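Q: Handing you a structure now.
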Amino acid sequence: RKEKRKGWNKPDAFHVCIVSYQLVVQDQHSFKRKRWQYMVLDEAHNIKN
DNA sequence: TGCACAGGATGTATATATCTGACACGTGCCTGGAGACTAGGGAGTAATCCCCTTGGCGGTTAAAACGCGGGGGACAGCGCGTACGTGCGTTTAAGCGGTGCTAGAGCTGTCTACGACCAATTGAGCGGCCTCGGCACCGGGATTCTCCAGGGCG
């Protein structure tokens, strides 16, 4: 993940990113820094709580 | 003449009177033993609330666990030599017996500052709160920093 995040910030290396549900719990501090346009949730019956 | 002896002239442990030191016994003045009054500090209870558990499925991650290569560092063997161990004679100085002192250690009245004990005020310090600027974590990039392969050199 560090190797994925070293081409991350300054330029645009991707038009979309694929991140698992549970990884945003640990990496929430890193993912909250970058601005985003669309964040979509699959099978929302998880987050329902 | 060469020799044994009878008694004095010195030693020497032996037995007796004598000199410290420590245990043992008989007192009387600062201690304990005990009796009564006060009272606030300790034993006991009625909510309480508040964080701390109960029991176990799964999914996933970061940390724990195992496995091999080998590199270098622990470690055994062994020779050296000088640095203390051991043994003499020679000296300086403490141990100890005894002395003349004193100046500071040590027990006792005076009173007098001066701190113990107790009402009245409050304000400075403690419970409650709610923010934002310093802090937490990480990318970007430059910088250093060590690892490995010649090769010019033995």
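Labels used: A, B, ... for chains in the order of the structure tokens, numbers from 1 for residues in each chain, and numbers from 1 for ligands as shown.
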Would you write out, as CSV, a table of all residues in chain A that have an atom no more than 8 Å from an atom of chain B, listing for each the closest atom pair and the distance in Å to one decimal, considering only C-alpha atoms (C1' of nucleotides) and ordering rows by chain and rising residue number?
A:
```
residue,atom,partner,partner_atom,distance
A:6,CA,B:139,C1',7.1
A:9,CA,B:139,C1',6.5
A:22,CA,B:60,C1',7.8
A:29,CA,B:137,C1',7.9
A:30,CA,B:138,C1',7.6
```
Q: Run DSSP on the backbone of this structure and report the residues of chain A it assigns to helix (DSSP H, G or I), as a ChimeraX atom specification.
A: /A:4-6,23-26,28-31
Q: Could you pull the residues within 12 Å of residue 4 (chain A), counting only C-alpha atoms (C1' of nucleotides), minus those fewer than 2 positions along the same chain, as a list in words?
A: residues 1, 2, 6, 7, 8, 9, 13, 14, 17, 18 and 19 of chain A; 139 of chain B
Q: Interatomic distance between CA of residue 39 (chain A) and CA of residue 23 (chain A)?
A: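 CA of residue 39 (chain A) sits 14.5 Å away from CA of residue 23 (chain A).
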Q: When you count only C-alpha atoms, which of these residues is closest to residue 47 (chain A): A:21, A:5, A:10, A:16?
A: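 Between A:21, A:5, A:10, A:16, the residue approaching residue 47 (chain A) most closely is A:21.
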